[PDB]
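>
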Amino acid sequence: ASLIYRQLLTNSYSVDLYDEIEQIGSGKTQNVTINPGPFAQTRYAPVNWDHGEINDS
Amino acid sequence: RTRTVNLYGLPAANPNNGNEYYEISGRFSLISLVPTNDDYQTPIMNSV
Numbered sequence: 002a003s004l005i006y007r008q009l010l011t012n013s014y015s016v017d018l019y020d021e022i023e024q025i026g027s028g029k030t031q032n033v034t035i036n037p038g039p040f041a042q043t044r045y046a047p048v049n050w051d052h053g054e055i056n057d058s
Numbered sequence: 440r441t442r443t444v445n446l447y448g449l450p451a452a453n454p455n456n457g458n459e460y461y462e463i464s465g466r467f468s469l470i471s472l473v474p475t476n477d478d479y480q481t482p483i484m485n486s487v
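If you read the protein sequences in the order shown, they are chains V and S. For the first sequence, UniProt numbering gives the first residue as 2, with consecutive numbering after it. For the second sequence, UniProt numbering gives the first residue as 440, with consecutive numbering after it.
Here you go:
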């Protein structure tokens, strides 16, 4: 059971290796592509307000 | 038998001109909305 202390001290180099893991995995580019769901969006339209038809003569 | 001759237009006196109707043909495009819950859309599902 004392072997755990020896293993930790011996394998401590994996700490620096893990530091490299994380601090270059952050450097590497990742992009979680959140979707649009199966249900699709849509806006009304380009709508502009104006005065209606005028009865000229 | 009057002053006004050679005027461009179309008076309302007899527009039908003995015709039952004036006709026009063409294509007619529409993009209106509609409710379609018959889909119940979550089938595009990934078979696995």
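The C-beta atom is built at its ideal place from N, Cα and C for all residues, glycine as well.
Check whether the Cβ atoms of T475 (chain S) and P39 (chain V) lie closer than 7 Å to each other.
Within the second sequence, the letter at position 36 stands for residue 475 (chain S). Within the first sequence, the letter at position 38 stands for residue 39 (chain V). No, the pair does not count as a contact, with Cβ atoms beyond the cut-off.
> In this structure, does DSSP put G26 (chain V) in helix, strand or coil?
Position 25 of the first sequence, counted from the start, is the residue given in the question as residue 26 (chain V). Helix at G26 (chain V).
> Is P47 (chain V) close to chain S, meaning its C-beta is less than 7 Å from at least one C-beta of that chain?
To locate residue 47 (chain V), count along the first sequence from 1; it is residue 46. No, because no Cβ of chain S sits closer than 7 Å to the Cβ of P47 (chain V).
> Rounded to the nearest angstrom, what separates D477 (chain S) and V33 (chain V) at their Cα positions?
On the second sequence, residue 477 (chain S) is found 38 positions in, with the first residue counted as 1. On the first sequence, residue 33 (chain V) is found 32 positions in, with the first residue counted as 1. Going from the Cα of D477 (chain S) to the Cα of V33 (chain V) covers about 32 Å.
> Could you tell me whether any Cβ in chain V is nearer than 7 Å to the Cβ of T481 (chain S)?
Residue mapping note: residue 481 (chain S) aligns to position 42 of the second sequence, counting from 1. Cβ-Cβ to chain V under 7 Å: yes for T481 (chain S).
> From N458 (chain S) to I470 (chain S), what distance separates their C-alpha atoms?
As a working note, residue 458 (chain S) is residue 19 in the second sequence. As a working note, residue 470 (chain S) is residue 31 in the second sequence. The alpha-carbon separation between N458 (chain S) and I470 (chain S) amounts to approximately 35 Å.
> Mind checking which residues open and close the alpha helix (DSSP H) that includes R7 (chain V)?
Position 6 of the first sequence holds residue 7 (chain V). In this chain, the alpha helix (DSSP H) harbouring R7 (chain V) covers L4 to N12.
> Just how far apart, CA to CA, sit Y460 (chain S) and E54 (chain V)?
As a position in the second sequence, residue 460 (chain S) is number 21, starting the count at 1. As a position in the first sequence, residue 54 (chain V) is number 53, starting the count at 1. About 27 Å.
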